[PDB]
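Please treat every number below as a calculation from the coordinates, not as lab data. All Cβ positions, even for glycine, are placed from backbone atoms using ideal geometry, and neighbour counts span all protein chains on display.
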Amino acid sequence: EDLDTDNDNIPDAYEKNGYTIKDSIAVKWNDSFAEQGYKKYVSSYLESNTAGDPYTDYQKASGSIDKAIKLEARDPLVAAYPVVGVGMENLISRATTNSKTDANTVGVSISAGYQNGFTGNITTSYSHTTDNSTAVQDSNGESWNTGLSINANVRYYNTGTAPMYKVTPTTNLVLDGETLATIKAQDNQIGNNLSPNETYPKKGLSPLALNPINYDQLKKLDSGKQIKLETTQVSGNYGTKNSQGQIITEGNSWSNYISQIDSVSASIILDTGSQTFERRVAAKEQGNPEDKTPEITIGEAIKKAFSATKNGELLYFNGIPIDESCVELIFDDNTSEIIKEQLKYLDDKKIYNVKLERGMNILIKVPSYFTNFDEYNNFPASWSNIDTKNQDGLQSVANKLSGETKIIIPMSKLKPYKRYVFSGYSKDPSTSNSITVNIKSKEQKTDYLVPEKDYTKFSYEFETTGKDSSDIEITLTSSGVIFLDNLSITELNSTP
Amino acid sequence: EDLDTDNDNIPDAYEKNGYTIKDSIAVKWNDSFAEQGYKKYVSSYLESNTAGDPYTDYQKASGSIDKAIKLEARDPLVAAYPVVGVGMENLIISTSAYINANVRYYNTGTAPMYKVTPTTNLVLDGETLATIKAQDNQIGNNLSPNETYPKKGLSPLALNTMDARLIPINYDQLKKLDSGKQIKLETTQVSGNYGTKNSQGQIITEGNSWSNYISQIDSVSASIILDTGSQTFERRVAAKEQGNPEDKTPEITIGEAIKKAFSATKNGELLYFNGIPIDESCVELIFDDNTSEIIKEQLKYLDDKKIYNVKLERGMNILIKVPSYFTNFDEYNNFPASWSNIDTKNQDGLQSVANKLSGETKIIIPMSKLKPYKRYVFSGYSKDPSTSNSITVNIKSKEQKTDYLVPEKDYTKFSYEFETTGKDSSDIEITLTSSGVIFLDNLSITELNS
Amino acid sequence: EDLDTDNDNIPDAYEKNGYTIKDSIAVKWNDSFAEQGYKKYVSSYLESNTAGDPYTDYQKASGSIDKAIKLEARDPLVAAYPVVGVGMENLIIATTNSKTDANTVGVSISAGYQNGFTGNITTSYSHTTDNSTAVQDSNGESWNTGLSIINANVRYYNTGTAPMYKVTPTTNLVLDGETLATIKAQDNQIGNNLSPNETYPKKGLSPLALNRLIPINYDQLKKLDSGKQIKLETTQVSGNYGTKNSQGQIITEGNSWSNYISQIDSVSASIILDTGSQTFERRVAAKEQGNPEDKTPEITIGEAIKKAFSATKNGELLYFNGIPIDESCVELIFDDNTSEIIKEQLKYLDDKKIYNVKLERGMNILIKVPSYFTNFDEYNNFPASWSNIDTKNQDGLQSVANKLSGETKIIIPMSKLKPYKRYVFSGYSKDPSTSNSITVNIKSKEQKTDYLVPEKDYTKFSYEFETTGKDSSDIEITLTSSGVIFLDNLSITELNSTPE
Ligand SMILES: [Ca+2]
Ligand SMILES: [Ca+2]
Ligand SMILES: [Ca+2]
Ligand SMILES: [Ca+2]
Ligand SMILES: [Ca+2]
Ligand SMILES: [Ca+2]
Ligand SMILES: [Ca+2]
Ligand SMILES: [Ca+2]
Ligand SMILES: [Ca+2]
């Protein structure tokens, strides 16, 4: 075991089967290393840069890279890749917020039930975190025509795993479908450095200010739509070591690698609700028989990309459960088609057990409130008539629904002018009971549900209107006995 | 031995344990070296730049770096890191309207910065007036630590160019300035260089950019700030990654970190900066949420129950605010106004002696030596073996404070937050009462934010 | 020996002790070399550049550097450092400039000095780049005449030991507190060459016109009218140094002097010598106090002065181009920290001389030679002769004294003094009987009288007197004693210029 075909100081056999770096030397992987904290790395023995990034497999695995790079990008399959966008703080004035997911979720259709095996949803307008949508937070029904009777505050963000140096973004002013001009940061709106999961200017500093609109767009802006600001391209550099040991970011353009990484990877986005992450994971092309990129499943990709913890069987991200049945998976058309085609040949019927291919797009939307009756409950109020003396749950226990259960959801906790979906898993062994669900919202809707012998997922939509309004009431009425588990509420796009 | 994994001219065995530099070559540490002035250095044996700065462990330890770098940054665990800001001295508006301001750059780090080009924000109330970047006319060639540009004894430089003349667009914001508002100045980013010696021996600061190292240093270190009331120092000390078994960064406590970072002397047990006590009980410690949580979690597993014995961790933020007036009844008393009901015959103090109080203590503080319109706190430690007396405070301030405190069997610290407003207002009255006989020690007064 | 730790072509044993360069190679020092004119060099054996300048110890000692560098900087302990400032000599909406006014404005003169410390203390110690100009065109009229409700003439100067190439000063144009604008030479006010002790343009050339138009307020105009204290601050200067290359050519292109300014200022002590007309600024390297690995040699203050200013030691007293610059023959001015260090260090010395105190890092020293000084031994530069002088004595401070019994008068014409300037009259007196008394009278703009009592040994006394106008009464100084008194080393030193 001494061959090095790609010449990156890792033997072919070790890199094919499994290796780890100890004392700056690659060693064969042994299962006893897991408790000591070492991780099992695998990469391609024919290419020195498996993920397509500036750093080779040895440099990533051994940590011999910039120390500002996230520890997730030390896996050869996870690329070091900045994701820089621009978000609007104020416009001129009234305070506004921004969302990196609304454009992705605006085009998802929610149905009452889900088909066999497949659990996630399908979007028609999949977008990345660089697309940003503005939402006015200081609106009280007034229009923008008042006052005038007829600059801009921005703050760059990084959702990638690598820092970008000398950031020069280019953004388009989208007048709800119209473009004034393309604007490029000339000399004073350049960020010298922008670490992952941080903004420029840093938190605690005033939003950046950079140096007109017609009544037709004012009428559009006043009625139901808000301006959006998205980046067409960003130019920046990366750091590498000299022969004298210095770090240089000059001539090291990130644009030399944008196209290569994007074409050998699969895009995955995780949205915790407060902070958002976007990762690229390398995959192999199907036709080529000389492509030696390791093949891993979707759950392994999630664990490697987001450094989730495998506490038993379910993955946990900083304590938040991100398991297949605890989140809302959103794919585009092609990825959903591939997953559905691959699921019929798999007896497990799990999305996370499906092999990861290049070109797939996955979005994970973590619920705002989720309960599983085992260890996790973050609902603002406790559900009524909770039964836990059962051992027939989806994972550990379930809820023995016999009668009526209600939940009190204050309007203050939920963001106004937003679209939500209520989801959960239900099972009825007798297959002779009916479920009636009523949601109290701006519009009251009544829907009937027929559970099956095994666990199935249901979903119902509702919207919240107005900061000052009535509470939200959800009730579950059962004719007989119904098994309930893994109830959750996720936040979809905003509404006019 | 002679094994050098990282190739930085220090053997791995020497780095794992202590080592020191004698005659520009590394040697094993011996306890007899401390009496001759030599210092004990420990660093990671798997990396050449433990702290993340442009200088390796051997260069820092042996002093083979720029001589303008402070001696604190000669320790491999303390980073050589400039902290450059801008401070506004005068503000001028005149005629539309032309804005000129008088500023002066500051450096609170351990390394000089060359060719300083700061960027600062002009904000009056949330809204940024403009983003200003210095031009060739107002770039500082040299900015040494603990020094300003221009140096002391020179007039502050004026900033009135935006290459041009700066001019606000609308007048409503300028008119709102008179409506009880002010202009704020904060530093967004600063450009600059560091010196390295080339193959001919000359110092070069041309291709060397400090921005190539900001993200890396800020990511592998902990931030500590020491404020003595007159001059402020900000330091970065390297810490290890929690989940990495291959991270060989040495692990040190908070007191060791402070001693290394600020070159504080230690006479037996206490820590002195320049004769100013900076001990755990002699200053005010301020932490953010995460650092406070880590410290509280780690304290319950430690018998001594001291902040300075808690292991330093990556990402922690510590602020040390040295009290302006501090007395310990032993060797230091700069209080302008004497106390009441004082009996100095005791031996049950925190370090040497204490003060015997029987009843209540009230202090009338003259405000002549006090800076107007600043929040203050009066702090100290109290002892009560009986655990049967209650302590309450009667405080005269903007909002009158009446709170209750229960002394413990051992020494306990009392500090109550209050806001003082009005120079031409009523005198500040502070009253504290105890039911029985109590022992009090380490009394101090500290300025805070206003 | 042969060991060379720092790789600068001089053995460590040679650097720890003295050494000298003969035939471009270092040799061990011998006491007999002083006759041939050779000098004894010491440097740090762990450092190539002891002084912190771009030139190593061997390059400095062997003289293999730019030939425009003064022989003072041939010593490895004396840094090759340019001190470039801007001076103004013409006002446009005829003028002299003093480079040691900010230092002497804050010095307070007292009659008596504590035993051992025969020096003064300043409050606003500044360097020769901080320059103040005094207008002499006005004879009593204000600037408001003629115009009521932009290009000035300047000339750079160098008081260092190294030439500056491609000089680009950044002068701070501050009138009184308020800074109107900060300006910097761009293309036509850049000096290609500026040798030490030289100006740009040269002495026989007209001053260059300073660079659009800057508004001037009116209140500051009458502020100048009340008192003329216009200042011309130089915040920074850009320039290059010359070094040889592989071809053998002198190169001054990427050789920025700013790469070395912070390093030199951090490992050295600043000393300024003012010789009445010309002013010199030097930097001498010193050691770190708490560093066992710092091998910089330790020298005293007198040794540092002799090394830095190339003074000649004629016996035991230092001489600078004939002018005596000994401790008792000049006016030493320190700042607070240097003064307290010297005061602490004197009480552990038997001799109790400032020149015997070890030089330390961060020290600031200013030397101002008196305008008129006599010692009754060989030097007497007063325009007139002191009356009632008894040269035949042996109890003098160095050789002889002035046996005083009665009254002493000196005539001093006003044309020999610069008007509107604060002055100091100083000397040493001693009375073995410890019973007589001395009274003095100074005839100046104010009639001031002070009393003085001598001691068993010599004790310096200092008194103030000012001048006003070019046409006024002559300055008369009276020395009156009851019994017999010994006087020696009488001097008059010119301090700052008083406001109009
Ligand atoms: Ca390989
Ligand atoms: Ca490979
Ligand atoms: Ca469950
Ligand atoms: Ca090593
Ligand atoms: Ca090391
Ligand atoms: Ca005590
Ligand atoms: Ca040598
Ligand atoms: Ca040497
Ligand atoms: Ca004499």
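Quick one: how many residues across the stretch B:128-149 are charged (D, E, K, R), within 7 Å of another protein chain (Cβ to nearest Cβ) and in a loop (DSSP other than H, G, I, E, B)? Before the answer, list the steps.
Our first condition is that a residue be charged (D, E, K, R); within the stretch B:128-149, this holds for B:133, B:136, B:147.
If we keep only those that are within 7 Å of another protein chain (Cβ to nearest Cβ) as well, we get B:133.
If we keep only those that are in a loop (DSSP other than H, G, I, E, B) as well, we get none.
Residues in the stretch B:128-149 being charged (D, E, K, R), within 7 Å of another protein chain (Cβ to nearest Cβ) and in a loop (DSSP other than H, G, I, E, B): 0 in total.
Pull up the stretch A:45-58, narrow it to residues that are within 27 Å of the chain's Cα centre (by Cα) and either outside any loop (DSSP other than H, G, I, E, B) or polar (S, T, N, Q) (or both), then point me to the one that is farthest from ligand 9 (Cβ to nearest atom). Steps first, please.
Here is the first cut: in the stretch A:45-58, the ones within 27 Å of the chain's Cα centre (by Cα) are A:49-57.
Okay, now just the ones that are also either outside any loop (DSSP other than H, G, I, E, B) or polar (S, T, N, Q) (or both), so A:49-50, A:56-57.
Values: A:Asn49: 85, A:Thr50: 89, A:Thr56: 82, A:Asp57: 85 Å.
Only one residue fits best here, namely A:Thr50.
Run C:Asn259 past the list (1) within 30 Å of C:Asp12 (Cα to Cα); (2) assigned to a strand (DSSP E or B); (3) facing chain B (nearest Cβ under 9 Å) and report the number of the one that doesn't hold.
Unmet for C:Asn259, out of (1) within 30 Å of C:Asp12 (Cα to Cα); (2) assigned to a strand (DSSP E or B); (3) facing chain B (nearest Cβ under 9 Å): (2).
For the stretch C:262-291, what are the residues that are of a type in the set (S, T, N, Q), outside any loop (DSSP other than H, G, I, E, B) and more than 7 Å from chain B (Cβ to nearest Cβ)? Please lay out each step first, then the result.
Here is the first cut: in the stretch C:262-291, the residues of a type in the set (S, T, N, Q) are C:262-263, C:266, C:268, C:270, C:275, C:277-279, C:289, C:291.
Of the ones still in play, those that are also outside any loop (DSSP other than H, G, I, E, B) are C:262-263, C:266, C:268, C:270, C:275, C:278-279.
Those that are of a type in the set (S, T, N, Q), outside any loop (DSSP other than H, G, I, E, B) and more than 7 Å from chain B (Cβ to nearest Cβ): C:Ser268, C:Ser270, C:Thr275, C:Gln278, C:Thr279.
Scan the stretch B:199-247 for residues that are under 19 Å from the mean Cα position of the chain (by Cα), more than 8 Å from chain A (Cβ to nearest Cβ) and within 30 Å of A:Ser307 (Cβ to Cβ) and jot them down.
Once the filter is applied, which keeps residues that are under 19 Å from the mean Cα position of the chain (by Cα), more than 8 Å from chain A (Cβ to nearest Cβ) and within 30 Å of A:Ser307 (Cβ to Cβ), the stretch B:199-247 yields B:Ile217, B:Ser221, B:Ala222, B:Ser223, B:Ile224, B:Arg235, B:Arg236, B:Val237, B:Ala238, B:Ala239.
Just to be sure before I move on: is C:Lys460 surrounded by 18 or more Cβ atoms within 10 Å (Cβ to Cβ) and of a type in the set (D, E, K, R) in the structure I sent? Steps first, please.
Details: surrounded by 18 or more Cβ atoms within 10 Å (Cβ to Cβ): no; of a type in the set (D, E, K, R): yes.
So C:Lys460 fails the test.
Could you list, in sequence order, the residues of the stretch B:152-191 that are surrounded by 11 or more Cβ atoms within 10 Å (Cβ to Cβ) and on the phi > 0 side of the Ramachandran plot?
Answer for the stretch B:152-191, where residues must be surrounded by 11 or more Cβ atoms within 10 Å (Cβ to Cβ) and on the phi > 0 side of the Ramachandran plot: just B:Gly153.
Collect the residues in the stretch B:406-450 that are closer than 23 Å to B:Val322 by Cα, loosely packed, with under 12 Cβ neighbours inside 10 Å and among the charged types (D, E, K, R), keeping them in residue-number order.
Matches in the stretch B:406-450: B:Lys413, B:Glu417.
Which condition does B:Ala26 not pass, out of (1) within 16 Å of ligand 5 (Cβ to nearest atom); (2) within 14 Å of chain C (Cβ to nearest Cβ); (3) not in a strand (DSSP E or B), if it passes all the others?
Of the numbered conditions (1) within 16 Å of ligand 5 (Cβ to nearest atom); (2) within 14 Å of chain C (Cβ to nearest Cβ); (3) not in a strand (DSSP E or B), the odd one out for B:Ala26 is (3).
Please state which one of B:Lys300, B:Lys306, B:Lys311 is within 29 Å of B:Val237 (Cα to Cα) and surrounded by fewer than 14 Cβ atoms within 10 Å (Cβ to Cβ). Let's see the steps before the verdict.
Numbers: B:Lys306 fails: surrounded by fewer than 14 Cβ atoms within 10 Å (Cβ to Cβ); B:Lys311 fails: surrounded by fewer than 14 Cβ atoms within 10 Å (Cβ to Cβ).
Within the list B:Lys300, B:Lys306, B:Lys311, the selection yields B:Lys300.
Would a scan of the stretch C:408-416 turn up a residue that is away from ligand 2 (no atom under 16 Å from the Cβ), more than 14 Å from chain B (Cβ to nearest Cβ) and in a loop (DSSP other than H, G, I, E, B)?
As a first pass, look at the stretch C:408-416 and keep what is away from ligand 2 (no atom under 16 Å from the Cβ): C:408-416.
After this cut, where a residue has to be more than 14 Å from chain B (Cβ to nearest Cβ) as well, the list is C:408-416.
Cutting the leftovers down to in a loop (DSSP other than H, G, I, E, B) gives us C:413.
Among the residues of the stretch C:408-416, at least one is away from ligand 2 (no atom under 16 Å from the Cβ), more than 14 Å from chain B (Cβ to nearest Cβ) and in a loop (DSSP other than H, G, I, E, B), which makes the answer yes.
Every residue in the stretch C:169-179 that is part of a strand (DSSP E or B) and either of a type outside the set (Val, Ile, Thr) or more than 10 Å from chain B (Cβ to nearest Cβ) (or both), please. Even if it seems obvious, please write down each step before you answer.
So in the stretch C:169-179, the residues part of a strand (DSSP E or B) come out as C:169-176, C:178-179.
Scanning the stretch C:169-179 gives C:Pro169, C:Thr171, C:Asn172, C:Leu173, C:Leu175, C:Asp176, C:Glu178.
Restricting attention to the stretch C:302-315, report how many residues are under 19 Å from C:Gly362 (Cα atoms) and touching a strand residue (DSSP E or B) at 6+ places or on another chain (Cβ under 7 Å). If you could, list the steps in order and put the result at the bottom.
First, pick out the residues of the stretch C:302-315 that are under 19 Å from C:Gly362 (Cα atoms): C:302-309.
Pick out the ones that are also touching a strand residue (DSSP E or B) at 6+ places or on another chain (Cβ under 7 Å) and you get C:302, C:304-309.
Residues meeting the conditions: 7.
Looking at A:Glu328, is it away from chain B (no Cβ under 14 Å), surrounded by 21 or more Cβ atoms within 10 Å (Cβ to Cβ), of a type in the set (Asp, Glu) and in contact with a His (Cβ under 7 Å, 6 or more places away or on another chain)?
Working: away from chain B (no Cβ under 14 Å): yes; surrounded by 21 or more Cβ atoms within 10 Å (Cβ to Cβ): yes; of a type in the set (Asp, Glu): yes; in contact with a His (Cβ under 7 Å, 6 or more places away or on another chain): no.
The answer is no for A:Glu328.
Looking at A:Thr161, A:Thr182, which is the one that is within 14 Å of chain B (Cβ to nearest Cβ), out of contact with any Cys (no Cβ under 7 Å at 6 or more places or on another chain), more than 29 Å from B:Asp172 (Cβ to Cβ) and among the hydroxyl-bearing types (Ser, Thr, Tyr)? Talk me through it step by step, then tell me what you get.
Details: A:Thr182 fails: within 14 Å of chain B (Cβ to nearest Cβ).
Answer to the check: A:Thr161.
Do we have any residue at all in the stretch A:75-89 that's within 14 Å of chain B (Cβ to nearest Cβ), out of contact with any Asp or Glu (no Cβ under 8 Å at 6 or more places or on another chain) and within 15 Å of ligand 2 (Cβ to nearest atom)?
yes
Anything in the stretch A:303-323 that is small (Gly, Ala, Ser) and in a loop (DSSP other than H, G, I, E, B)? List them, or say none.
Once the filter is applied, which keeps residues that are small (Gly, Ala, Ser) and in a loop (DSSP other than H, G, I, E, B), the stretch A:303-323 yields A:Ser307, A:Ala308, A:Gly312, A:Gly319.
Looking only at the stretch B:350-376, filter to residues that are aliphatic (A, V, I, L, M) and in contact with a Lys or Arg (Cβ under 8 Å, 6 or more places away or on another chain); which one of those is nearest to ligand 5 (Cβ to nearest atom)? Before you say what the answer is, go through the steps one by one.
Residues of the stretch B:350-376 that are aliphatic (A, V, I, L, M), as a first pass: B:350, B:353-354, B:357, B:363-365, B:367, B:370.
Checking which are in contact with a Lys or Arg (Cβ under 8 Å, 6 or more places away or on another chain) leaves us with B:354, B:367.
Details: B:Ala354: 47, B:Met367: 54 Å.
Across the stretch B:350-376, the extreme among qualifying residues is B:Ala354.
For the stretch B:29-54, what are the residues that are within 14 Å of chain C (Cβ to nearest Cβ) and surrounded by 23 or more Cβ atoms within 10 Å (Cβ to Cβ)?
B:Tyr41
Has the stretch C:1-8 got any residue that is under 30 Å from the mean Cα position of the chain (by Cα), away from ligand 3 (no atom under 16 Å from the Cβ) and among the acidic types (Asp, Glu)? Give the derivation first.
Restricting attention to the stretch C:1-8, the residues satisfying the condition of being under 30 Å from the mean Cα position of the chain (by Cα) are none.
Taking every residue of the stretch C:1-8 in turn, none turns out to be under 30 Å from the mean Cα position of the chain (by Cα), away from ligand 3 (no atom under 16 Å from the Cβ) and among the acidic types (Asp, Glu).
Where residues in the stretch C:11-23 are closer than 25 Å to C:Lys313 by Cβ and away from chain B (no Cβ under 14 Å), which of them is nearest to ligand 6 (Cβ to nearest atom)?
So the first thing to find is which residues in the stretch C:11-23 are closer than 25 Å to C:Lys313 by Cβ, and the list is C:14-22.
Adding the requirement that they be away from chain B (no Cβ under 14 Å) leaves C:14, C:17-22.
Details: C:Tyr14: 55, C:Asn17: 52, C:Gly18: 54, C:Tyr19: 56, C:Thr20: 60, C:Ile21: 61, C:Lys22: 66 Å.
Per the stated criteria, the residue is C:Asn17.
Only one of these conditions is not met by B:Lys152: (1) at the interface with chain C (Cβ under 9 Å from one of its Cβ atoms); (2) under 27 Å from the mean Cα position of the chain (by Cα). Which number is it?
The one condition B:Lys152 does not meet is (1).
Please find, within the stretch A:66-98, the residue that is nearest to the chain's Cα centre (by Cα) out of those that are more than 16 Å from ligand 1 (Cβ to nearest atom), buried (at least 22 other Cβ atoms within 10 Å of the Cβ) and part of a loop (DSSP other than H, G, I, E, B).
A:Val83
With the structure loaded, tell me whether B:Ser386 is surrounded by fewer than 16 Cβ atoms within 10 Å (Cβ to Cβ), more than 16 Å from ligand 3 (Cβ to nearest atom) and more than 24 Å from the chain's Cα centre (by Cα) or whether it fails that test. First the steps, then the outcome.
Values: surrounded by fewer than 16 Cβ atoms within 10 Å (Cβ to Cβ): yes; more than 16 Å from ligand 3 (Cβ to nearest atom): yes; more than 24 Å from the chain's Cα centre (by Cα): yes.
Taking the combined requirement at face value, the residue satisfies it.
Checking C:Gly248 against (1) over 19 Å from C:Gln59 (Cα atoms); (2) in a loop (DSSP other than H, G, I, E, B); (3) not charged (D, E, K, R), which single condition isn't satisfied?
(1)
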